[PDB]
C-alpha cells in the first residue's frame, strides 16, 4: 500500500476513504520539522492549505500532491514540476456551489439582507418599525467579471437571468459567448458599476484590483471578491470605501486569513464571509472524493483525474 501523508486538518471524508488503497501518515501541521526518518518512504500527499517547499522536499520518493481546492497557489507548482511531481486540484465539483455563493454575497452586499435579519432578531421591527431602505439594488447594474473560467462563466450564466448587462476581462477572449470582452481590467472597470473577482492568486493577479481600478469602477461601484484576497489591494479598498470612491463591497477572501482589518468591519455597506464559497457538506464531500480519487487513479493507472496545467505528467514507477 502506498503511503500518503496528510499534514494538518482535512475533511474527515478524505481520512475515511484513503484506506481503500493507502496507508495514511499523519502530521499535526504542514511543517518539515515533524517529518521523522520512518516517513521517508511516503509516495503522495493529500493537503488542504499551504504546502511549504521544505515539507515537500523532505520526501525523496514523492510522486503526487493532491490539493483540496481548485486554487492551488499554496503549492509551489514550479518546484513540483522541476522535481517531476504531479499536482492535482479539485475543479468542476465546486463550480456551481461557488457561483451560488457569489450571487448570495452580491445580493447581501446590495440589499443588506444580513443587516435586515439582525434588525428583526434584535426586536427593532417591533420597537422602531421598518428596516431602512437599501441605498443600492441589482436593478439596472452592469456587471464586469474579472475571470471567466469554470466559475466565472457559471456566475455569468446566473447573472444573465437577473436582467443585467455582462462584460468580462481575461488575458484571452472566449468567443462564442454573447458577453463584451475588455482587453484591460481598468477599461472594464470604467464601463461597469459592479466588479466580480474570480481569477486565481498568481503573480499576474497580485493587487490587480488597485486604487486605479477602484476609481474607474466609480461612485456606484460594488466590488465582490470570491477568488483570492491577494488579488485586491486591501488597503486601497479600505481607503476607497472610507472616501466614498466606491459604494460597497462583498468579500469571501482576504490578504491574511483569518485576519480581517478592523476598518473593514466598521463599514455598513460591506458584507464579509469567512472563505465559505464551497463550504457545504455536499460540495466538500465531492472535493474530498476527488482528492482521494486522483490518488487512486494515479497509483492504479498512472493517470490522474485532474492534474494542473503545469504538471501534465504520467506515473513512472
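Each form is matched to the other, and the largest set of C-alpha atoms that superpose within 1.5 Å is called the rigid core. Numbering follows the first chain given and starts at 1.
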Top-deviation stretch by C-alpha RMS in 5 other deposited structures of this protein (rigid core reference), from 264-272, 24-32, is 24-32
Per-stretch CA RMS vs shown form in 5 other deposited structures of this protein, rigid core as reference, larger of 114-122/205-213 is 205-213
Of 178-186 vs 121-129, the stretch with the larger average CA B-factor in the entry is 178-186
The stretch whose C-alpha atoms carry the larger average B-factor in the entry, 138-146 or 203-211, is 203-211
The residue of 70, 55, 292, 64 with the maximal C-alpha B-factor according to the PDB record is 55
From 223, 198, 77, 166, the top C-alpha temperature factor is at 166
In terms of its chain's C-alpha B-factors, the third that includes residue 235 is the highest
Here the Cα B-factor of residue 279, set against its chain, lands in the third termed lowest
Temperature factor at the Cα of residue 172, chain-ranked in thirds, falls in the highest
Tertile call for residue 153 (CA temperature factor, within chain, third-based) is the lowest
The third of the chain into which the C-alpha temperature factor of residue 47 falls is the middle
